[PDB]
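Working notes for the structure below.
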Amino acid sequence: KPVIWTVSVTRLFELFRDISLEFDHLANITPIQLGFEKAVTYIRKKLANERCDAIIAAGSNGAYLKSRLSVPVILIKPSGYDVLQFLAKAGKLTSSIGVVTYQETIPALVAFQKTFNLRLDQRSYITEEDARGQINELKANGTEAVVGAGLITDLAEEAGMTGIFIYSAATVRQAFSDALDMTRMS
Amino acid sequence: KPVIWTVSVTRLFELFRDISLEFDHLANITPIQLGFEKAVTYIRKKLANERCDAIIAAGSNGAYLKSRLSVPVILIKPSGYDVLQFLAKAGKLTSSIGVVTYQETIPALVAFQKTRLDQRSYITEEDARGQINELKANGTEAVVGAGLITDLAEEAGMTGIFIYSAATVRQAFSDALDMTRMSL
């Protein structure tokens, strides 16, 4: 069976665990709960003794791993199209939604907001202080739900809004399937 | 550096051509303007003399190649996001709309229209003409689909709206080259 190591923390780690149960019969999956240099060091030391066919990771962590490992890294990056799907499924697409993302907004989401005159208030952040202020601003304008990664979803919940984790089950499931497909291609 | 063959005709071919220009430093891309039996026959001959790492294709033709060939075939799926955006672009959001895709309906669209749209599927060309004819008979004004459905809709006297956008094709090319590169 293909060997897959997932690298994640917190909510994403929880989601990866949930979804990997669907692929246990197709892959030998080992969860790694690290990031960045510590993950690189662990993975490189692990690779001295055992093979790995693919790593699955997300965001800034996964982008860093992808440029530093010669093992294939399937990088999860949320699209506006998956966000819109998660929203519309939950019937929240026509509600007061906030989206706060690291470094930049999502152009597919910015565009859909443009065309459909929806209430999707899209913001970016770099630091925790940045993220806190964007959350406080969304709270203060009646926003009911905020889409983002771990820090943003947590902050949103503490602020009394719905936190919608930007990585859906569907996008994680796709990443497992892509790792299997890639492995099959070799 | 991946060796990629793109296989498409007419409208999709034009899109693939434009998008390949953005990827030419990242893969060696060869366009093949063929479909179905003719495509498989030629591709099989070409494979006997040249390396191919993956094929990029779509819809009915893409499925025909994938079932016939021992080279990886990467399929671009139609997006419910493209359906909505190109409907908006055509000025058809409040028109009587049909959507016809190969084999399967677009599962994402069921939630979006729940948030005047008749979603159909086809397998064969006769199926396709059948759906187009039923759509015309129901007072449908515009039909979103790929190359065949778009041609048929237009020939039937409806507005044909091509289901693929530059943006979706660009992303699919990016992911396919990544997968192929990882695969090597």
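The way I read the labels, and the way they are meant: chains A, B, ... in the order of the structure tokens, residue 1 as the first residue of every chain, and ligand 1 as the first ligand shown, with later ones counted on from there.
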
Mind listing as a compact mmCIF listing (two decimals) with N, CA, C and O atoms, in the first residue's frame which residues of chain A are within 8 Å of chain B, counting only C-alpha atoms?
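Once written, selection_22.txt looks like this:
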# COMPACT_ATOMS: atom_id res chain seq x y z
N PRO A 72 7.41 13.89 -2.46
CA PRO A 72 6.28 14.70 -2.94
C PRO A 72 5.40 15.18 -1.78
O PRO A 72 5.05 14.39 -0.89
N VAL A 73 5.06 16.47 -1.80
CA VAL A 73 4.16 17.04 -0.83
C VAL A 73 2.89 17.50 -1.55
O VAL A 73 2.94 18.32 -2.46
N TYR A 81 -14.02 28.20 -4.38
CA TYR A 81 -15.07 27.28 -4.83
C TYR A 81 -15.39 26.27 -3.73
O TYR A 81 -16.56 25.92 -3.54
N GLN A 85 -18.95 26.28 -1.56
CA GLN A 85 -19.67 25.02 -1.43
C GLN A 85 -20.01 24.71 0.02
O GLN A 85 -21.16 24.41 0.32
N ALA A 88 -22.74 27.31 1.01
CA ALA A 88 -24.08 27.03 0.45
C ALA A 88 -24.72 25.76 1.03
O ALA A 88 -25.93 25.74 1.27
N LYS A 89 -23.91 24.72 1.26
CA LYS A 89 -24.37 23.50 1.93
C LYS A 89 -24.98 23.80 3.30
O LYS A 89 -26.09 23.36 3.61
N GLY A 91 -26.25 26.45 4.13
CA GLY A 91 -27.25 27.50 3.89
C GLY A 91 -26.83 28.87 4.42
O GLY A 91 -27.68 29.75 4.62
N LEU A 93 -24.71 30.88 2.74
CA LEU A 93 -24.14 31.65 1.63
C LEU A 93 -24.74 33.05 1.50
O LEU A 93 -24.10 33.99 1.00
N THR A 94 -25.97 33.20 1.98
CA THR A 94 -26.70 34.45 1.86
C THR A 94 -26.76 35.23 3.20
O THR A 94 -27.50 36.21 3.35
N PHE A 112 -16.58 36.29 -6.99
CA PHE A 112 -17.93 35.78 -6.77
C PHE A 112 -18.76 36.77 -5.94
O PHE A 112 -19.95 36.99 -6.23
N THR A 115 -19.71 39.63 -8.39
CA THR A 115 -20.80 39.26 -9.30
C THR A 115 -22.14 39.10 -8.59
O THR A 115 -23.15 39.63 -9.06
N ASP A 178 -5.53 12.51 -4.50
CA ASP A 178 -4.42 13.00 -5.32
C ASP A 178 -3.09 12.29 -4.99
O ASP A 178 -2.32 11.98 -5.89
N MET A 182 -1.22 10.16 -7.74
CA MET A 182 0.22 10.45 -8.00
C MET A 182 1.05 9.17 -7.85
O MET A 182 1.86 8.83 -8.71
N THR A 183 0.88 8.49 -6.71
CA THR A 183 1.60 7.26 -6.40
C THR A 183 1.40 6.21 -7.50
O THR A 183 2.35 5.57 -7.92
N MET A 185 0.60 6.93 -10.63
CA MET A 185 1.32 7.45 -11.80
C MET A 185 2.80 7.01 -11.84
O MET A 185 3.32 6.73 -12.93
N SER A 186 3.47 6.96 -10.69
CA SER A 186 4.88 6.49 -10.64
C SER A 186 4.99 5.01 -11.03
O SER A 186 5.14 4.67 -12.21

Give me, as a ChimeraX atom specification, the residues of segment 4-177 of chain A that a backbone DSSP run labels strand (DSSP E or B). /A:4-7,28-32,54-58,73-76,97-102,120-125,145-148,162-165

Which one of B:137, B:39, B:117, B:152 sits closest to residue 57 of chain B if you count only C-alpha atoms?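 Closest to residue 57 of chain B of all the choices is B:39.
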
Quick one: pull the distance between atom CA of residue 9 of chain A and atom CA of residue 140 of chain A, Å, one decimal. 29.8 Å

Looking at A:143, A:103, A:168, A:136, which one is nearest to residue 14 of chain A, with distances taken over only C-alpha atoms?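 Closest candidate: A:168.
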
As a PyMOL selection string, please: every residue in chain B that DSSP puts in alpha helix (DSSP H). chain B and resi 10-23+36-47+59-68+80-90+109-114+125-136+147-156+166-183

Between B:69, B:132, B:97, B:15, which one has atoms that come closest to residue 45 of chain B, using only C-alpha atoms?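 Among the listed residues, the smallest separation from residue 45 of chain B belongs to B:69.
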
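Residues in contact range of residue 46 of chain B, defined as at most 12 Å between only C-alpha atoms, with sequence neighbours fewer than 6 positions away removed, read residues 5, 30, 32, 39, 40, 52 and 71 of chain B.
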
Report as a PyMOL selection string all protein, DNA and RNA residues lying within 10 Å of segment 159-165 of chain B, evaluated on only C-alpha atoms, omitting residues in the same chain fewer than 2 positions from it. chain B and resi 11-12+15+76-87+89-90+92+97-101+140-157+167-170

Mind giving me the straight-line distance from atom CA of residue 60 of chain B to atom CA of residue 31 of chain B in Å, one decimal? 17.8 Å

If we count only C-alpha atoms and set the cut-off at 12 Å, which residues sit around residue 50 of chain A, ignoring sequence neighbours fewer than 4 positions away in its own chain? Please answer as an mmCIF file with N, CA and C atoms, in the first residue's frame.
data_model
loop_
_atom_site.group_PDB
_atom_site.id
_atom_site.type_symbol
_atom_site.label_atom_id
_atom_site.label_comp_id
_atom_site.auth_asym_id
_atom_site.auth_seq_id
_atom_site.Cartn_x
_atom_site.Cartn_y
_atom_site.Cartn_z
ATOM 1 N N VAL A 3 2.536 4.642 1.116
ATOM 2 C CA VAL A 3 2.818 5.190 2.439
ATOM 3 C C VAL A 3 2.614 6.707 2.415
ATOM 4 N N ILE A 4 1.704 7.203 3.260
ATOM 5 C CA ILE A 4 1.393 8.636 3.361
ATOM 6 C C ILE A 4 1.637 9.150 4.771
ATOM 7 N N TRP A 5 2.396 10.234 4.892
ATOM 8 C CA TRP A 5 2.550 10.911 6.181
ATOM 9 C C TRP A 5 1.851 12.238 6.096
ATOM 10 N N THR A 30 0.515 7.736 8.455
ATOM 11 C CA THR A 30 1.054 8.070 9.763
ATOM 12 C C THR A 30 0.884 9.577 9.948
ATOM 13 N N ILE A 43 11.125 14.338 9.692
ATOM 14 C CA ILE A 43 10.826 13.631 8.440
ATOM 15 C C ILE A 43 12.113 13.111 7.782
ATOM 16 N N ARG A 44 13.155 13.943 7.765
ATOM 17 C CA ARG A 44 14.452 13.554 7.199
ATOM 18 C C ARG A 44 15.065 12.397 7.996
ATOM 19 N N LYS A 45 14.952 12.461 9.327
ATOM 20 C CA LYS A 45 15.441 11.365 10.185
ATOM 21 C C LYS A 45 14.576 10.114 10.098
ATOM 22 N N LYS A 46 13.299 10.288 9.770
ATOM 23 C CA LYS A 46 12.396 9.160 9.601
ATOM 24 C C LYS A 46 12.675 8.453 8.272
#

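Atom CA of residue 176 of chain A is positioned 7.5 Å from atom CA of residue 23 of chain A.
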